[PDB]
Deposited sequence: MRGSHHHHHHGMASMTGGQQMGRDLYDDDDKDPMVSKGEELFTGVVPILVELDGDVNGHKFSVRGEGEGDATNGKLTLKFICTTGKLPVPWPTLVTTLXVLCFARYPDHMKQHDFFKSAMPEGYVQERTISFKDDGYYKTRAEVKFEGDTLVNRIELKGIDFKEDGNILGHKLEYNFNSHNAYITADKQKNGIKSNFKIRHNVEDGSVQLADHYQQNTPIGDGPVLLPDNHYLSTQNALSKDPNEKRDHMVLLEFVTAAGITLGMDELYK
């Protein structure tokens, strides 16, 4: 069985690198901070290193490290993400924005030295140039949300699909339908969980002394949905 969860008992430095291309609008994001899986807590600051981000920061939150989720002691056996560590997992998504374009993402989440690294390539396709995404019509926030996790035994990993509801500035809602697959990188043993979900909250802010296009993010992720019986 896997030892990977021992890598997360303290505070772990994080590096996020994203290369993106949405309708030919190219961009890069670099994030740094730390993760505290004991509390399910992430604190990161993201910089668009290419200048102006051509999509709204909230649409990249899900793309920009679920190994930092807090799994309750009685659910530690269902934590696929840490079981794959330090070698890591590939995380792939397609995110379909309703009445608009879609993102395709491929990321590798793995330890490089002491640092948990999330390295992402993103392609966006068929967006409306004055839609909610390329038109920057979304509010700078991110609602709390529960994402269901199921095992994908035929790929030795997990999958998830879930709907993100972004608030639009006019008061409407932009749906982002997420389809996700994770598969380990190494050959070691991985935990295939029972069905459960991750409960996530996100607080987005700005650094006053930062002139670049950026996002300060505080995120909590807690696993739930598995019945704790009296057998303990």
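**Q** Could you please spell out the deposited residue ranges that have no C-alpha entry in the coordinates?
**A** Counting from residue 1, the stretches without coordinates are 1 to 34, 99, 268 to 270.
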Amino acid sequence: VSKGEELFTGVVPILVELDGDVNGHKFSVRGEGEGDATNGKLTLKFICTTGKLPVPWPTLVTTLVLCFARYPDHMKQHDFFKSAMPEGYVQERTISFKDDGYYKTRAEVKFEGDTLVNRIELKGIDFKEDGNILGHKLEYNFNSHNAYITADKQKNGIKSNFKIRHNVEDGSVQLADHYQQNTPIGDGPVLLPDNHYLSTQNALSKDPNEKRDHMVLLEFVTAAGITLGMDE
From here on, numbers count along this sequence of modelled residues.
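**Q** Can you tell me which stretch has the higher mean Cα B-factor, 95 to 103 or 151 to 159?
**A** For C-alpha atoms only, the mean B-factor is higher in 151 to 159.
**Q** Between 47 to 55 and 184 to 192, which has the higher average C-alpha B-factor in the PDB entry?
**A** Averaging CA B-factors over each stretch, the winner is 184 to 192.
**Q** Kindly indicate the residue among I133, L122, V90, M75 with the greatest C-alpha B-factor in the PDB record.
**A** Reading the PDB entry, the winner on C-alpha B-factor is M75.
**Q** Report the third (lowest, middle or highest) to which the CA temperature factor of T222 belongs, ranking only the modelled residues of the same chain.
**A** For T222, the deposited C-alpha B-factor lands in the lowest third.
**Q** Taking the C-alpha B-factors as the PDB entry records them, is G20 in the lowest, middle or highest third of its chain?
**A** For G20, the deposited C-alpha B-factor lands in the lowest third.
**Q** Should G35 be placed in the lowest, middle or highest third of its chain by the C-alpha B factor in the entry?
**A** According to the entry, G35 has a C-alpha B-factor in the chain's middle third.
**Q** Using only modelled residues of the chain, where does the Cα B factor of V168 rank: lowest third, middle third or highest third?
**A** CA B-factor rank for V168: highest third.
**Q** If you rank the chain by CA B-factor, which third does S144 end up in: lowest, middle or highest?
**A** Lowest third - that is where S144 ends up once the chain's C-alpha B-factors are sorted.
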